[PDB]
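Reminder, nothing fancy here: chain letters follow the sequence lines and each chain counts from 1. Values below: all heavy atoms of this structure, side chains included; hydrogens, waters and symmetry mates excluded.
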6 protein chains.
Amino acid sequence: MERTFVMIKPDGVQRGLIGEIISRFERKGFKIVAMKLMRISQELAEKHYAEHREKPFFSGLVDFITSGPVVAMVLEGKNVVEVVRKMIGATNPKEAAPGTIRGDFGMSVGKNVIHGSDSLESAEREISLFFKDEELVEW
Amino acid sequence: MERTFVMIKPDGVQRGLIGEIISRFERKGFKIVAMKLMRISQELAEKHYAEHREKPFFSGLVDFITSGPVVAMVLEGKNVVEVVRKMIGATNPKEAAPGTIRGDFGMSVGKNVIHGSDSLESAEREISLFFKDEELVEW
Amino acid sequence: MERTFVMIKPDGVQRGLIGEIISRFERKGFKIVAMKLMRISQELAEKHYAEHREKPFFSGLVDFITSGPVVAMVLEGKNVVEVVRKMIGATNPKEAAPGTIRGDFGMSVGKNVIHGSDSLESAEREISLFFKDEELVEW
Amino acid sequence: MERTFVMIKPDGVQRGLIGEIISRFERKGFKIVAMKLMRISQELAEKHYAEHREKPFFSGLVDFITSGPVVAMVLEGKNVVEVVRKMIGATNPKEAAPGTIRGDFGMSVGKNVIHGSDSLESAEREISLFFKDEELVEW
Amino acid sequence: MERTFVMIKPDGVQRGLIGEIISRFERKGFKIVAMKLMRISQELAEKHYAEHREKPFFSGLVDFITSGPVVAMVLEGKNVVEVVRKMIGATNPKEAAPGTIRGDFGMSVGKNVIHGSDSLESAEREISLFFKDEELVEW
Amino acid sequence: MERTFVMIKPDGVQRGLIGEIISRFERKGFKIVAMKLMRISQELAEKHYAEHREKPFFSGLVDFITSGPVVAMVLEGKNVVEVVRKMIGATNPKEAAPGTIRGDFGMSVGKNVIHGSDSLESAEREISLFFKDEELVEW
């Protein structure tokens, strides 16, 4: 059954938006099957953002995801990857539709509160990267 | 500084109240310094409820608490143990005041949505039981 | 099992509080087993308020209660009568506790947004008065 | 003055979404002029869904609207038919815009929480089908 | 740093929507740097709506913004003019996207709850018109 | 008729709680008859807190209250002073009941989010201190 990775970023955590974000996913009927508050190491951040490593300001992108506690989480349900992407909305919070997490809360592209996997492929990669098998919980 | 332990129980998880509960702690200004979704083992459930092990409802407690995922968490702030207990309210949701978590959501004395340490000592025992030091996160 | 009667009064209806009120009962885990929007007749209003028919505010009660649509409802669950009364709070919203329906929304002793049966007997009388058996719905 | 028919489906009712849905319509300024909790008979369901009778899985569509209590309701206000359609959003909750009832709550096309009339024509037909004249209330 | 003018119109004020509107802007991370409850004079209304003076029903447009207290306010933050325009949504509340203030609350074009500046140019004009320099507050 | 004074303090402003606070007063049915964002001057802060000027925390009070913008407001309605005090709750948020403003949001006795007049006399003094007559708005 389909799963996606979500990270509540340090700005989401620091601004007290964790409950609000989770409620949106629970109201929508998804299952949290893994979740933890953590601090992301340098290495892990670079691995996570590997496809961005030759892009402008890579290190400001990394610096920021290591600048505070995040909530790492795996959601399960039908069309979860795609549905979570639409609930989160466009990377740029000015362009993200109203009613999306980024349209309603995000302050800028760099401070856009939350990440969700792009694709089936990147969900599987991000889930394996952040969680061991034993951290997944059945329900 | 002062820390308390909170558990969103399987009824709170299964009913989609994780976010709402977390939001009350965030709006209150507390800092989540550790958090995880988990399944509680038989042994962990018995150590946690050790004081009630001679009571005739002990199997009802244990079977319930290990029946689905819970969210375990550590909260930090001034008077956190006392303040969190007041926010959660009386064990029996029928007696819990309106505006408490148990008063607004609990459905029975056993299905009361959430637990919070009841003293300084209980908070130290419970945090030690549920978390290793490495799962604690400085902001 | 145990049932109580609830009426969202014409002020609650006219101010747009039906959903909010219903949501508190749903988040609390009660089952709505009968519900309807209605206009209360003169006769129904007098039978309902029969005990106050010698009081000098009786015309104020009756004219108010039959002045716009109400929502009549039957709620079911453990301790529902007592729990619903506590959720609704004291008759005079000035005395009702914060977090109650009357404490959060009521504007005067007469415009107090909502009624809930005050005992087992009162709940049986009121349900009988407002609903025929065929309007009861098993889940 | 324009009216539309809304049905909160059994999944909306069973998941405790009745207040939330009603609040969205009351915040938007519409009047509930009829409402009831009911169970839909086989006959009524088939009549309601008559235009679908030669389409795939008709009977799964019927089976489901009879599988639990629904809330039947008539809303009144300007552009109500069309405005309610946009508030409810696309039949498919994956495609329904964020901020719509189906985008925020719906789990699938079959479990999409709510129905609202398509057209002036089908509102008039659905209202007559579910309500007698005396169940409409003036305000 | 960019600023925009917002007016909560008399219908928004009269329907108790002031907190809700402000919360949407605070959740989005904007700063209120000026705000007041006031009554708009005839002169000020005509000046405010000067570009509409040769359009149909100008005086009904004016009559209405003078028919009750409004909240005048200046918001500051990045892309504030444009982001506030999208949060408020299309002038016509039937066409305004769900999740926008006008899509969720507005009853009609004339009763559309709220105004926000069109452009950098009209923000500067509307701010100067409603506020003296000393009413702006630094933070 | 009866009026009280309310101040959303700099913690309430800086944390993004203005709307939420205002919404509780609006849902309660009170009329805002004057309101403004302001910076409080040293002198205004000392006159307001005159009774505490010999207490060792007086500098902590004054420095805090003049440390960022506040929202000053006048609310009108039956029993407004008493009712608003109950809604706000006890000075020390640890003692304030759940469902109060201070109980749900206050983080310390000094950072308690909000002030409301404590008597009829105090309300007259405070309204006089913070507002000129011309800032009062009849609905």
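- Atom OG of A/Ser23 and atom CD of B/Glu20 lie 6.5 Å apart (nearest 0.5 Å).
- Note that CZ of A/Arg3 is 7.0 Å distant from CD1 of A/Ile127, once rounded to the nearest 0.5 Å.
- Sparse packing is recorded around NZ of A/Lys31, with 12 or fewer heavy atoms of other residues, nucleotides or ligands lying under 6.0 Å away.
- Interface remark: A/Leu17 contributes backbone atoms only to the contact with chain B (heavy atom separation under 4.5 Å).
- Under the rule for a side-chain contact (heavy atoms from CB on, under 4.5 Å), the partners of A/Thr100 that lie at least two apart in sequence or sit in another chain are A/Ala96, A/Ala97, D/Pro98.
- Here the straight-line distance linking atom CD1 of A/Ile8 with atom CD of A/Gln14 works out to 14.0 Å at 0.5 Å rounding.
- A donor-acceptor pair is defined here as one N or O able to donate and one able to accept, closer than 3.5 Å; no such pair exists between the side chain of A/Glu126 and the backbone of A/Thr4.
- Applying the side-chain contact (heavy atoms from CB on, under 4.5 Å) criterion to A/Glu121, with sequence neighbours excluded, gives A/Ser119, A/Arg125.
- Taking non-hydrogen atoms and a 4.5 Å limit, the residue list of residues 128-139 of chain B in contact with chain A, ordered by number, reads B/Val137, B/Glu138, B/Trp139.
- The interface of residues 45-82 of chain B with chain A, defined by heavy-atom distances below 4.5 Å, comprises B/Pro69, B/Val71.
- Counting only heavy atoms from C-beta outward, the side chains of B/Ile101 and B/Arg24 approach each other to under 4.5 Å.
- With A/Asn112 contributing its side chain and A/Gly106 its backbone, the two residues share no donor-acceptor pair below 3.5 Å.
- Contact of the B/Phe105 side chain with the B/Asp11 side chain is not registered, since no non-hydrogen atoms from C-beta on lie closer than 4.5 Å.
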